[PDB]
Amino acid sequence: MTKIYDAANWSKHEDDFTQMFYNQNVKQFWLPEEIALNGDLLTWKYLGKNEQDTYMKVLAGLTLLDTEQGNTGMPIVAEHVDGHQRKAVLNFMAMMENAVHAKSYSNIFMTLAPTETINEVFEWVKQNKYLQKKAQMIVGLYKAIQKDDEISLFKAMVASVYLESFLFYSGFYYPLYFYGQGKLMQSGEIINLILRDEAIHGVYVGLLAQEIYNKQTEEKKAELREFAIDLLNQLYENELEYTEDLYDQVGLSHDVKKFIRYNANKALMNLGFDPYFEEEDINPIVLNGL
Amino acid sequence: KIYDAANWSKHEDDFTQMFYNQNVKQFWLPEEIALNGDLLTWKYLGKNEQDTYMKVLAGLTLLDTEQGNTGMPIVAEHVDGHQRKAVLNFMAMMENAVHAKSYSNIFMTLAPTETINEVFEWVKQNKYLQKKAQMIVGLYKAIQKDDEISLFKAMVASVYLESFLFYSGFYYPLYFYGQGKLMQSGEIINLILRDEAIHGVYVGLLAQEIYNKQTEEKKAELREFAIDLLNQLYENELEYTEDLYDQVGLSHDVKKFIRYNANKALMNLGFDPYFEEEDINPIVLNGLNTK
Ligand SMILES: [Mn+2]
Ligand SMILES: [Mn+2]
Ligand SMILES: [Mn+2]
Ligand SMILES: [Mn+2]
């Protein structure tokens, strides 16, 4: 009467959520080529030199983050997470990062900017100290993951949630700010698709992190919260300097800072933690950008 | 040390952007093909035909899982270049998110749960399937950081899987597909096979890049490695083939198909064909030429 036991298939749920994330991720599949970009040519031409500079640099910072999330972050987390369906979701998310998201920025650059300006902005990412610091910190945690060591994995998942749900947002602000004013709307459409993806990526990785956290003693949990909050504050302080560096020339630094604090709270919530920053009024233009 | 962003406005090689395009435009999902109508031809096959099909299918499934969990991600890890890593990530995604779900769907349609579990138990213990699966996995596990020789050897193993080892298995679904039997699952298999073909060609070009950076003595040594590996896999394929196909009388023709695909795998690695040219079973050809 006994049966022969199941061989890792697709009808069997590994958990309560992976299948629905799998379906959501694959149904959200897109390519930048679906969006024609020549319609932004005039609203781009009309921006001040300061505005164009900030815009290029903002997207370049995003490109760097997605490059490392696709090359390193998502594949390494996929390697250490158990279960073929969980791995399939993480592999799909990894593909989106570098094959779709990172590439879309080049589609935008190639439309709006001459080659020399494109070359210069990629040189600028290499030498920018805030962008290098944030990459160093995030990638360092990814590369510190030890096989069968759930704590090192948790730390990298916190880093990934902070990249998905917090760090992208100093960059996302500006395309959204323009979209909300009816400017650069084709580029803005691409960015909204990227943002829609990152929101579900941050939730999913957050749920995996909570799984590991929930296995710990109360004492260990207290240390993990310390790690998460210390890391958030360290990233936050660096992001403030990055934000000022980019946005002071367009007069928006204070507004962007409010936006990144808002999203920091969302990252904490994705990790099952209470909000850390007090609520503030976000620019309604950016809210219309959503 | 210095972290740089992917810049798709420039080429890092002669071929990666072209393969990127071909890969993403071939994107598909299991749900697109309705499978239930296969039961109308499945019920008319003999026990040996159903048995061979199940065993072949499980063989393909098991090998493709290794490629999704290890083969593609390990190569993506050691290859330098943002655009190459992106293409390789896309290929790994297809293995895990598309191909694996597609094989599962075919199984769930044709067999009850208990039968699926038993077939996988059998194929998991099978000597010829295990020999080739572990030979390939062994080479993936032997890649060393910053050692392009070990990477090349793994790429050769990967090309042999994509362009050669799958084909003793693909034969049967293509054979049915060419006869008007199991058309829905045959369409799925044809899409999978079309992905593996481009995977094999792409990884082959990455291997040739490494090969071309070597001295003449080192090249001769890498050629000997590739031919020796091919020979080991080929001799096991002949045994694998007789084990599965003698009961349905097809082994002679399957062997011709293996050699023909071995030659394609070698050409993907920039090497000369090893086997004399042979004609292929016209029913299988009719299956292959569909689309
Ligand atoms: Mn992304
Ligand atoms: Mn993401
Ligand atoms: Mn496959
Ligand atoms: Mn493949």
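Residues numbered from 1 in each chain as written, not as in the entry; some residues may be left out. Chains lettered and ligands numbered in written order. Heavy atoms only, no water.

Structure determination for the deposited model, as stated in its record, used X-ray crystallography, and the stated resolution is 1.9000 Å.

**Student:** Summarise the overall build of chain A; cite the residues concerned and give the values.
**Tutor:** The helix and strand tally for chain A stands at 12 helices and 0 strands. Shown N-terminal to C-terminal, the secondary structure of chain A runs as helices and strands in the order α-α-α-α-α-α-α-α-α-α-α-α. Here the C-alpha atoms of chain A give a radius of gyration of 20 Å, agreeing with the 19 Å that 2.2 N^0.38 yields for 290 residues. For the C-alpha atoms alone, the extent of chain A along its principal axes is close to 75 × 40 × 35 Å. The buried share of chain A, taken over its 290 residues, is 60%. The contacts in chain A between residues at least 6 apart in sequence include a share of 80% that link residues at least 24 apart. Roughly 12,200 Å² of accessible area belongs to chain A as shown, and the carbon and sulfur atoms make up 49% of that amount. (Helix = DSSP H or I, 4+ residues; strand = E, 2+ residues; numbered from the N terminus. Rg over C-alpha atoms; globule rule 2.2 N^0.38 Å. Buried < 20%, exposed > 50% of the residue type's maximum accessible area, 1.4 Å probe, protein only. Contact = heavy atoms within 4.5 Å. Areas by Shrake-Rupley, 256 points an atom, 1.4 Å probe, with all protein chains shown as cover.)

**Student:** Tell me about the interface of chain B and chain A, residues and numbers included.
**Tutor:** At the junction of the two partners, chain B supplies 35 residues and chain A supplies 42 residues. Summed over both sides, the interface of chain B with chain A buries roughly 3,300 Å², with 63% coming from carbon and sulfur. Of all residues in chain B, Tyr3, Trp8 and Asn89 of chain B bury the most surface against chain A, accounting for 20% of the area lost on that side. Our count for the contact surface shared by chain B and chain A stands at 0 salt bridges. Counting across the chain B and chain A interface gives 14 residue pairs in polar contact. Mapped onto the side of chain B that touches chain A, the elements with two or more residues apiece are α1 (16-25), α3 (47-78), α4 (82-110) and α5 (113-125) of chain B. For the side of chain B that touches chain A, the per-class residue count stands at 17 nonpolar, 10 polar and 8 charged. (Buried area = accessible area lost by both parts, 1.4 Å probe. Salt bridge = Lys/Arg side-chain N within 4 Å of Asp/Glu carboxyl O. Polar contact = N/O pair within 3.5 Å; in protein donor to acceptor, adjacent residues only side chain to side chain. Nonpolar A, V, L, I, M, F, W, Y, C, P; charged D, E, K, R; others polar.)

**Student:** Any chance you could break down the coordination of the manganese ion (ligand 2) for me, citing the residues and the numbers?
**Tutor:** Tetrahedral coordination by four donors places them ideally at 109.5 degrees to one another around the metal; octahedral coordination by six donors ideally gives 90 or 180 degrees. Residue and element names in this part refer to chain A. Looking at the manganese ion (ligand 2), the protein donor atoms are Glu97 (OE), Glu164 (OE), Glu164 (OE), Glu198 (OE) and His201 (ND1), and they sit 2.0 to 2.4 Å from it. One chain supplies every donor for the manganese ion (ligand 2), spaced along it as E-x66-E-x33-E-x2-H. A separation of 3.7 Å is found between the manganese ion (ligand 2) and the manganese ion (ligand 1), which are bridged by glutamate 97. One end of the pair, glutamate 164, is in helix α7 (residues 150-167); the other, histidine 201, is in helix α9 (residues 185-213), with 37 residues separating them in the sequence. In this pair, the class of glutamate 164 matches that of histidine 201, namely buried. (Donors = N, O, S within 2.8 Å, 3.2 Å for Na, K, Ca; no water.)

**Student:** Please provide a residue-by-residue account of the layout of surface pockets, values included.
**Tutor:** By volume, the second largest pocket amounts to about 590 Å³. When contributions to the lining of the second largest pocket are tallied by element, the ones reaching two or more residues are α4 (84-112) of chain A together with α3, α4, α5 and α6 (127-141) of chain B. (1 Å grid on protein atoms, 1.4 Å probe; cavity = no way out; pocket = protein on both sides within 12 Å on 5 of 7 lines; lining within 4 Å. Points joined across faces, edges and corners; volume = space filled by probe spheres on them.)

**Student:** Would you mind going over the UniProt feature "active site" in chain B in detail, with residue names and values included?
**Tutor:** Residue and element names in this part refer to chain B. According to UniProt, the feature "active site" maps to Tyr103 in the numbering used here. Relative accessible area serves as the criterion here: at 0%, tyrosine 103 is assigned to the buried category. Contact partners of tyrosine 103, with chain neighbours within four places excluded, come to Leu57, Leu60, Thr61, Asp64, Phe170, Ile189 and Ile192. (UniProt positions renumbered as here; feature names shortened; annotations may be inferred.)

**Student:** For the coordination of the manganese ion (ligand 4), give the residues involved together with the corresponding values.
**Tutor:** Residues and elements named next belong to chain B. On the protein side, the manganese ion (ligand 4) has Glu95 (OE), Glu162 (OE), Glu162 (OE), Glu196 (OE) and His199 (ND1) as donor atoms, found 1.9 to 2.3 Å from it. Each donor residue of the manganese ion (ligand 4) belongs to the same chain, with the gaps between them written as E-x66-E-x33-E-x2-H. Here the manganese ion (ligand 4) and the manganese ion (ligand 3) are spaced 3.9 Å apart, with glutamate 95 acting as a shared donor. Linking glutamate 162 in helix α7 (residues 148-165) with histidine 199 in helix α9 (residues 183-211), this pair joins segments that are 37 residues apart in sequence.

**Student:** With reference to specific residues and values, describe the UniProt feature "active site" in chain A.
**Tutor:** Residues and elements named next belong to chain A. Taken from the UniProt record, the annotation "active site" applies to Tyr105. Structurally, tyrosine 105 is set in helix α4. Of the residues examined, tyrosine 105 reaches a relative accessible area of 0% and is grouped as buried. When sequence neighbours within four positions are dropped, the list of residues in contact with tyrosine 105 reads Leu59, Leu62, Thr63, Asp66, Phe172, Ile191 and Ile194. Here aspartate 66 takes part through its side chain, which lies 3.3 Å from a polar atom of the side chain of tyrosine 105.

**Student:** Got a sec to walk through the packing of aromatic side chains? Specific residues and values, please.
**Tutor:** Overall, the coordinates contain 49 aromatic pairs over all chains when judged by the stated rule. Their ring planes at 70° and their centres at 5.9 Å tell us that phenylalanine 17 of chain A and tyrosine 204 of chain A sit as a pair that is edge-to-face. Of this pair, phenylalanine 17 of chain A sits in the segment before α1 (18-27) while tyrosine 204 of chain A sits in helix α9, and the two are 187 residues apart along the sequence. As far as the burial class goes, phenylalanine 17 of chain A and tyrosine 204 of chain A line up, both buried. A ring pair is formed by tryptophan 42 of chain B and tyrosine 53 of chain B, whose centres lie 5.9 Å apart and whose planes are at 70°; its orientation type is edge-to-face. (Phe/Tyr/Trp six-rings, centres within 6.5 Å; stacked < 30°, edge-to-face > 60°.)

**Student:** Give me helix α3 (residues 49-80) of chain A: which residues, what numbers.
**Tutor:** Residues and elements named next belong to chain A. A rise of 1.5 Å per residue sets the reference length of α3, with its 32 residues, at 46 Å; its end C-alpha atoms lie 46 Å apart and thus fit the reference within 8%. When the local axis directions of α3 are compared, the greatest deviation, roughly 45°, occurs at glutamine 69. Within α3, 25 of the 32 residues are buried, which leaves the element mostly enclosed by the surrounding structure. (Expected span 1.5 Å × (residues − 1). Bend = angle between axes of the 7 residues up to and from the residue.)

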